[PDB]
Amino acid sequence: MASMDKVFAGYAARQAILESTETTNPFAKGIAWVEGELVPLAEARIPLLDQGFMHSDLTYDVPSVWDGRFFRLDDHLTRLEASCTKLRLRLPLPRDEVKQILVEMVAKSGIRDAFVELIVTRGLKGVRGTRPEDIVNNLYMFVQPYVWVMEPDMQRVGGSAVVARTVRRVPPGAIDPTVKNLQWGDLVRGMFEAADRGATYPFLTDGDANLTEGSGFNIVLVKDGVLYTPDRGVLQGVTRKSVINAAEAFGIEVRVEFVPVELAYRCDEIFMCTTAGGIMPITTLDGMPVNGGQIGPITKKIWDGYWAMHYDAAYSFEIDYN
């Protein structure tokens, strides 16, 4: 309320000052690490033959900086190592070293509110016809201005979603959704359907009449004081994990379990959650209002708890910009 005004006014203020440095500082529009080299993001180039491109044989993770403060970086670094493990990849540098390069990269950019991406690929030699010991994994890392999956102004009113019906989410026994990946075939078909049906956001089923996740976000339904989020079929979001921390402190029950589609049509409130946007209310579903079409009271306490946590020492730390 006054909390949204404080978050978005501070952002816009910080953005004006970062825009001013675009003249003097060539990393102010983003910075990339490639084969040990720092370059502007618009000029970064990867080998054609990298298997991240050739066969999307990669995982990634995406921490964030708000107001000069890394949010939950170590959760994102732990998830990345665990993602690596499951695809028989290994992070090419020590994690302590990766964390320091990240802090360096944020600081030379001068970006106070940032999207940060780490990519670990199979490398220049592919799986099909190579002995596993000859395989050298490659790292890429980049910082860019914070990205909004829902713009701050649509967050005040709420977006429109559809439950997708031309597409369903890739099932875990084909590709494990707990391994962050860029195989977005289903998600792109869903974004197109959403647009075709006069909406923005797709909600994908598992094909078995339950909900999973959308094109870059988790889903959370609210119903008689209780939050419900799918357990299975979905990426275990660090924004979803924050939702859960905030709820446990406000004494609100969170249920991570199978969530049937039908529950989305008789819930009190709906919101989406991601690092690239935060807490993102849905007020219209399949062309119809969500329980009056207003942004719900619990959605709003979750919203405020989440941004408060960006200033809490347990979840964040201050970067030194020189």
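Each residue number is its position in the shown sequence, starting from 1.
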304 to 312 set against 17 to 25, stretch whose average Cα temperature factor tops the other in the entry: 17 to 25
Between the two ranges 75 to 83 and 243 to 251, the one averaging a larger CA B factor in the entry: 243 to 251
Which of 200, 181, 100, 121 ranks first by CA B-factor in the deposited coordinates: 100
Selection by C-alpha B-factor (highest) of 295, 58, 276, 279: 295
Relative C-alpha B-factor of residue 214, binned into the chain's lowest, middle or highest third: middle
Cα B factor band for residue 36 (lowest, middle or highest third within the chain): highest
Third of the chain, ranked by Cα B-factor, where residue 272 sits: lowest
Within-chain third of residue 63 by Cα B-factor, per the entry: lowest
Record-listed C-alpha B factor of residue 207: chain third: middle
